[PDB]
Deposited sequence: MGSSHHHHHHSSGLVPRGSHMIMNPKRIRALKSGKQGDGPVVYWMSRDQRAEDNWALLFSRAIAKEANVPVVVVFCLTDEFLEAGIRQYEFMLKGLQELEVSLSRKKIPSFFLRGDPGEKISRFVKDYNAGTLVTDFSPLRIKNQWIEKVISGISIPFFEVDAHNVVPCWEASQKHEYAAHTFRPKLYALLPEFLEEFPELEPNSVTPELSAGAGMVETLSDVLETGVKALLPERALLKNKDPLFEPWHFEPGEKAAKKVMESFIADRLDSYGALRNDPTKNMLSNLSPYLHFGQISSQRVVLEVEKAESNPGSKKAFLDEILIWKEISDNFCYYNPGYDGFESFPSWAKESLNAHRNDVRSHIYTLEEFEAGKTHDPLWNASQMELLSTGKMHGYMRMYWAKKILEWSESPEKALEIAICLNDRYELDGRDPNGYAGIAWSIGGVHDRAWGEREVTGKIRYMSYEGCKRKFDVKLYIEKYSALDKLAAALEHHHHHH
């Protein structure tokens, strides 16, 4: 393994016991540098490797759509791990509290977790640290260049981070060895229970049936390898030319799998790299999954206030400030956006794309989040409604890519200042009629007319 992928969190005396992988972000058995590290420590010490996943009450902030998708990654994940003789364990509480009992109860010798830059991970890791005595390592298994190696500061834009990332790519772009089975030796209720809890929160139509359409993405590692091979085979060619057209389904549709870590961006990079197609389609796509996926981690990692106004750049702050008294063409309430009740049929279309499938089209997500800022009473409230719907309804929500994507839209983070306007100040504008030069907007509204 490339050692630079490892951070030592807590130093102590290596217990005699097993290596416990605390599985958080990267819920996969293959192409996992974290579990590949745990097994190596279990191997040298001739102790086993084991997985422990912590199911927290944060699922009740989202909905059936995400929770189902995730606890079927997990059922399949466990069949896979047992097949390698690595048993997995599923605790049901506060990680800081619960993971600390596990290591102590089970005489864990060494504890490993994967890397995530979101605030709450830090709260737990710091609680685990103060309650264990065995060593404690962290591994970046979600990025190609470990987040703290690509850059040590917040990067102002993609084109300041782009040299830094490619500087280090030949070293960190590499094949994955093979997860070696152990030598040394309930998820059904958990879902049935979680679901009954979330059942009065489903989005229904006027009729009783749910809004969500569960057949657009199958969850799992197996599914995610076919979404990836499908993209490489059918859409990667057309990607640069049609990535921006909401009527063509020419995206990878990989974001829900990456979010849960059911597939590794590094594998995807490897396979796109090796694959022949339009060299511009490969360049266009590699920038999305290398430069934009990883500066988004860079973002939350250096900006603890990443989901708030205070992390916008200074120019963006001043400008939105001076336009807090400008009169707004419309003001909608959370619940009115929520049910696509604006005058803008394009907006409502895209909101209807969000509610029924769980994945709104890449381009339409920009447009969507800017009209929230233009038609709400203040930036804080627009940031609030946009996080809220993003995380409530996007399969790929509750994710750095989310906070970094909203802050681009509403705040100009990783963007630049544009022609000053009312309400939106110097923040990049996007117009209806600009969409109309770009794609048959009429076809996209026809698609989603379930506003009942």
When the deposited sequence is counted from residue 1, which ranges lack any model?
1 to 22, 208 to 218, 486 to 498
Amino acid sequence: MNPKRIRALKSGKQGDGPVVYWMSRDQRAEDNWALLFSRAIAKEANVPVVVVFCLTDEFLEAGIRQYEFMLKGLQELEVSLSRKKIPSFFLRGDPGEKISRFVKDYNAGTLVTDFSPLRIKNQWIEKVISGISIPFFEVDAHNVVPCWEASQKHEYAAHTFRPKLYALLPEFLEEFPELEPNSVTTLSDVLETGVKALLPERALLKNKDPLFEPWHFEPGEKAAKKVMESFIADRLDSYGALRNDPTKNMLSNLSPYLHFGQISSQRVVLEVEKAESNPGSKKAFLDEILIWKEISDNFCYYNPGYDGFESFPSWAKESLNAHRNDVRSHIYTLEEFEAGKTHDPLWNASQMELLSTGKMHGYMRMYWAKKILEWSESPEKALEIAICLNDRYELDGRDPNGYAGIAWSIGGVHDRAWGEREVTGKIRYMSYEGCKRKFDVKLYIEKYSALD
From here on, numbers count along this sequence of modelled residues.
Out of 324 to 332 and 300 to 308, which stretch has the higher average CA B-factor listed in the record?
324 to 332
With B-factors read from the PDB entry, the higher C-alpha mean of 176 to 184 and 269 to 277 is in 176 to 184
Among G358, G73, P246, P87, where is the Cα temperature factor highest, going by the PDB entry?
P87
Quick one: which of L236, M364, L205, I291 has the biggest Cα B-factor according to the entry?
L205
For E201, does the deposited CA B-factor place it in the lowest, middle or highest third of the chain?
highest
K10 - Cα temperature factor, lowest/middle/highest third of chain
highest
Where does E384 sit by CA temperature factor within its chain: lowest, middle or highest third?
middle
Among modelled residues of the same chain, the CA temperature factor third for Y257
lowest
Based on the deposited C-alpha B factors for this chain, I'd like to know if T342 is in the lowest, middle or highest third.
lowest
